[PDB]
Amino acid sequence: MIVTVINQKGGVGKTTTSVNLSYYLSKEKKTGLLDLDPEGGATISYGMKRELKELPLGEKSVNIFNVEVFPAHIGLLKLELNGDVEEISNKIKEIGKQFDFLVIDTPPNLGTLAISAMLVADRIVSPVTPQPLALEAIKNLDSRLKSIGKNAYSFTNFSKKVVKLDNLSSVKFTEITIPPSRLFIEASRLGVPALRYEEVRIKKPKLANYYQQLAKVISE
């Protein structure tokens, strides 16, 4: 199944969601994480680096922490300017047909790669935050979803209180809410998924519940 994480505004926790949700899913099922953002955030969250070579989409992958990560590369940049969304879409589907779950990380916009990842996604997932820029972003994403006729789940990040906006009929706001935590910044200094770092840093993990509920909700 294809899980695409969408948000036209950066810093909302999109890469964190892709990385940690893919890792949580890897535990019982064969999971891949395809990194479509040229920044390569999700590539960095697995201890790696953006390839400074213009590579074909999906040709290269490395299995880190039992996740098949397709690392980011500068080839995306050209795709992200003059790409053919049908061909990237078919490529994403052809890769996903080898995984129980393919989580896709998208660049901070709604361009060619975001459209490619959205039209073939089985589920679209948007993080949301209380500051007003993410609120304008999610409202515009609802118009995106309608004009393409697609759904998207949403969940609240960087907060203790859950964010809900009820005129958005193509965005279902779940109850899931993730508060700030040392774990994210520490694991990012490490360059590992936050869940995996939690597995050994503390005894009773608290981050696993968020991504567990996210997985259960999208699996419906």
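The first residue of the shown sequence is 1; numbering continues from there.
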Using the B-factors recorded in the PDB entry, average over the C-alpha atoms of 23-31 and of 66-74, then report which stretch comes out higher. 23-31
Selected stretch [higher average CA B-factor]: 142-150 or 128-136: 128-136
Please work out which residue in 90, 98, 106, 82 has the highest C-alpha B-factor recorded for this crystal structure. 82
Per the entry, which of 53, 182, 60, 49 tops the list for Cα B factor? 182
Compare the C-alpha B factor of residue 4 with those of the other modelled residues in its chain, then answer lowest, middle or highest third. lowest
Of the three thirds of its chain by CA temperature factor, lowest, middle or highest, which one includes residue 18? lowest
Once the chain's modelled residues are ordered by C-alpha B factor and cut into thirds, is residue 192 in the lowest, middle or highest one? middle
Third of the chain's Cα B-factor distribution that residue 156 belongs to, per the entry: middle
